[PDB]
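> Quick one, structure for this:
(one chain, ligands or ions: 4)
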Amino acid sequence: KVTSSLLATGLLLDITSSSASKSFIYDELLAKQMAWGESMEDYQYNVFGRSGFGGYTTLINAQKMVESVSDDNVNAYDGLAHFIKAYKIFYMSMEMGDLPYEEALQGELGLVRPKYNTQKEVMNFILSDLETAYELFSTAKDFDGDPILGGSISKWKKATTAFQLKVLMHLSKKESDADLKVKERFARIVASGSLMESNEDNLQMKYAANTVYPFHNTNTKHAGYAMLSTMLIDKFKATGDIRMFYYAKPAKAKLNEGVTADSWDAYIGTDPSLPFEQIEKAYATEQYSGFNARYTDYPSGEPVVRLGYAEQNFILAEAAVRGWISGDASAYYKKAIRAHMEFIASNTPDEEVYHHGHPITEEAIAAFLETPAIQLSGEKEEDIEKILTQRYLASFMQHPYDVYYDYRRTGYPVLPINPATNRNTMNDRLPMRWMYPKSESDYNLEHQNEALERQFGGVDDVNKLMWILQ
Ligand SMILES: [Cl-]
Ligand SMILES: [Cl-]
Ligand SMILES: [Cl-]
Ligand SMILES: [Mg+2]
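Numbers count the residues shown, from 1 in each chain. Ligands and ions are numbered 1, 2, ... in the order given. For reference, the structure is listed below:
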């Protein structure tokens with residue numbers, strides 16, 4: 001029937017799975033890393049609606065998992081329980097703002113209409129749940145039912161640390177808050193927790209027991225509509241970044257004039273802020289660069305990462321520039337860039353169909369890391385921009401919605417926005433949150449309205465700023 005192991009698998013697949021459909025690239029569209037040639041898409045032109053409370057349904061399952069532990073290793077699974085709770089609620093609050101925390105399980109069980117905690121309270125509870133998760137794993141033994149990190153306590157301690165530092169960096173606008181102690185807790189975890197040691201520590205989904213990358217040919221007919229953005233192609237060309245050749249394939253209209261696949265000029269970025277009819281004309285005449293073949297014709301594609309070694313190092317770099325920790329910003333930054341380049345190389349065959357004549361070799365990595373154009377200058381805003389831009393580029397097809405969250409938090413990289421095409425109700429910007437699910441005004445109206453009055457003066461609005469963004 002139902003064992004702790006089987007439930008663990010369920011929860012873990014939930015956190016790491018992707019859809020084999022268009023929705024996979026909705027966050028790439030929001031972050032402006034690509035346009036979509038099939039039709040005018042909401043997430044390309046910045047139209048938000050409501051998000052969901054589906055995440056809370058995992059609470060009952062996590063509790064059953066812990067109650068069901070049949071050996072003496074309850075701390076392992078309880079550690080997982082606390083990690084999954086924090087993670088799921090973290091992402092819901094990132095989407096929407098205040099929501100239930102204290103009363104969430106009671107609400108799921110139908111015992112109450114659950115009060116909404118303030119987002120500050122939510123973030124504090126998330127951080128306390130992660131400290132508990134770290135202490136639980138620390139006093140636990142390896143466990144069964146984990147296909148992502150193999151039930152390895154050492155790996156779970158690193159995943160918990162990694163998420164702790166990600167959550168704390170997302171609280172950067174709240175560095176002054178008296179009670180949240182963001183800088184202080186970030187430094188303490190860096191000194192006392194378990195930092196990742198390599199790309200082997202990534203919490204990710206790898207493809208190809210009998211399962212293919214979400215945009216393989218066998219899973220979708222729609223990957224062909226992807227049009228890589230100027231935000232990738234122009235940044236790559238400007239810095240001689242050979243990752244362009246692994247992200248993209250040549251524009252067919254360039255190949256037809258005799259421009260070769262190894263040439264930088266064969267690749268065309270599409271500005272996703274242009275009127276859709278212009279985008280459609282560029283798509284029909286093949287004046288655009290689509291996905292590299294590794295995403296679409298290569299069964300294992302690349303792992304889809306939630307928590308990674310490169311990522312953690314871009315977080316450490318930003319913390320260093322912000323003065324949260326004492327280490328050298330530039331060294332973290334270059335570790336991060338190197339880690340992403342090695343990640344690509346490790347997960348891509350050395351064949352022309354994938355690298356187009358520019359293989360990622362150790363010499364290419366070493367050369368790129370010392371490119372003058374990407375060096376940190378020691379001017380704070382310029383350095384945060386560089387770290388966030390390299391992080392943006394390294395997170396194409398990765399870390400669902402995180403790029404957009406870092407954009408909200410820092411304003412980087414600056415995205416293409418066109419008043420005459422932007423379909424948000426404010427022309428000049430992206431929306432800053434989703435609305436709450438309709439089910440909350442159907443069954444928990446009073447508590448939801450208290451929260452809407454407190455946060456926004458009463459209206460559930462996509463252009464209002466949640467607390468962590470104020
Ligand atoms: Cl480990
Ligand atoms: Cl349009
Ligand atoms: Cl994103
Ligand atoms: Mg995506």
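
> Please count neighbours and contacts with C-alpha atoms only from this point.
Noted.

> Which residues are in contact with residue 219?
20-21, 212 (CA atoms under 8 Å, 6 or more residues apart in numbering).

> and residue 295, what is it in contact with?
Neighbours of residue 295 in contact, by CA under 8 Å, 6+ apart: 213, 215-216, 301-302.

> Just name the closest of those to ligand 1, please.
residue 302 (21.2 Å; CA to the ion).

> Excluding chain neighbours, give the residue nearest to that closest one in space.
Nearest residue to residue 302, sequence neighbours excluded (CA to CA, 6 or more residues apart in numbering): residue 347, at 5.9 Å.

> What of residue 343?
Nearest to residue 343 is residue 199, by CA to CA, 6+ apart, at 6.8 Å.

> Same question for residue 119.
Nearest one to residue 119, counting by CA to CA, 6+ apart, is residue 98 at 4.5 Å.

> Count the neighbours of whatever residue of the stretch 201-350 of the chain ends up closest to ligand 1 for me.
Across the stretch 201-350 of the chain, no residue is closer to ligand 1 than residue 201, which sits at 6.4 Å (CA to the ion). Here the number of neighbours of residue 201 (other CA atoms under 10 Å) works out to 18.

> ok, now which ones touch it?
Applying CA under 8 Å, 6+ apart, one finds that residue 201 lies in contact with 155, 158-159, 308-309.

> Pretty sure residue 299 is one of the things the residue nearest to residue 302 touches, is it not?
No: using CA atoms under 8 Å, residue 347 is not in contact with residue 299; the gap is 11.3 Å.

> Just want to know which of those two has more residues nearby.
residue 299 (19 against 14).

> On the three-state scheme, the more buried one is what?
Secondary structure, DSSP: H, G, I helix; E, B strand; the rest coil: residue 299 is coil.

> ok, for it, nearest residue in space, not its chain neighbours?
Nearest to residue 299 is residue 212, by CA to CA, 6+ apart, at 5.1 Å.

> Just the element for that neighbour, please.
Residue 212 belongs to no helix or strand when assigned by DSSP states H and E.

> Just the closest residue of the stretch 151-300 of the chain to ligand 3, please.
Across the stretch 151-300 of the chain, no residue is closer to ligand 3 than residue 231, which sits at 13.0 Å (CA to the ion).

> Show me what the helix or strand that contains that residue is in contact with.
Per DSSP H and E, residue 231 falls inside helix 230-239. Contact partners of helix 230-239, identified using CA under 8 Å, 6+ apart, comprise 32-34, 242-244, 264, 267-271, 371, 373-374, 393, 415.

> if we can go back for a sec, contact partners for the residue nearest to residue 119?
Applying CA under 8 Å, 6+ apart to residue 98 gives the contacts 116-119, 122, 451, 455, 466.

> Looking at those residues, which one is closest to ligand 2?
residue 466 (29.0 Å).

> leaving aside the residues next to it on the chain, what's closest to that closest one?
residue 97 (5.5 Å).

> circling back to that earlier point, export the contacts of residue 201 as TSV, with columns for distance to residue 63, neighbour count and secondary structure.
Shown next, in TSV, are those (distance: CA to CA, whole Å; neighbours: other CA atoms under 10 Å; DSSP: H, G, I helix; E, B strand; the rest coil):
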residue	distance to residue 63	neighbour count	secondary structure
155	22	22	helix
158	23	23	helix
159	21	23	helix
308	27	26	coil
309	30	24	helix
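
> Go back to the residues you listed and keep what's next to ligand 1.
residue 155 (CA under 5 Å from the ion).

> Output the contacts of residue 201 as JSON lines; include the columns distance to ligand 4.
JSON lines is the format used below for these (distance: CA to the ion, whole Å):
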{"residue": "155", "distance to ligand 4": "25"}
{"residue": "158", "distance to ligand 4": "24"}
{"residue": "159", "distance to ligand 4": "21"}
{"residue": "308", "distance to ligand 4": "16"}
{"residue": "309", "distance to ligand 4": "19"}
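
> can you give me the strands for the stretch 1-150 of the chain?
With DSSP state E, counting those that start in this stretch as the criterion, the stretch 1-150 of the chain has strands at 34-36.

> Contact distance from ligand 1 - what residues of the protein qualify?
Counting by CA under 5 Å from the ion, the residues of the chain near ligand 1 are 154-155.

> Any idea how far the longest helix that the chain contains is from the middle of the chain?
Criterion DSSP state H: the longest helix present in the chain is helix 74-96. Relative to the chain's own centre, helix 74-96 is displaced by 16 Å; criterion: CA atoms, centre = their mean, to the nearest Å.

> got it, and stretch 381-399?
The answer for stretch 381-399 is 12 Å, by CA atoms, centre = their mean.

> List the buried residues of it.
By neighbour count on 16 or more other CA atoms under 10 Å, the buried set for stretch 381-399 is 383-399.

> same check, this time on stretch 76-96
Neighbour-count burial for stretch 76-96 [16+ other CA under 10 Å]: 76-90, 92-96.

> Select only the buried ones of the contacts of helix 230-239 in ChimeraX?
The ChimeraX command for the buried members of these (criterion: 16+ other CA under 10 Å) is given here:
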select :32,33,34,242,243,244,264,267,268,269,270,271,374,393,415
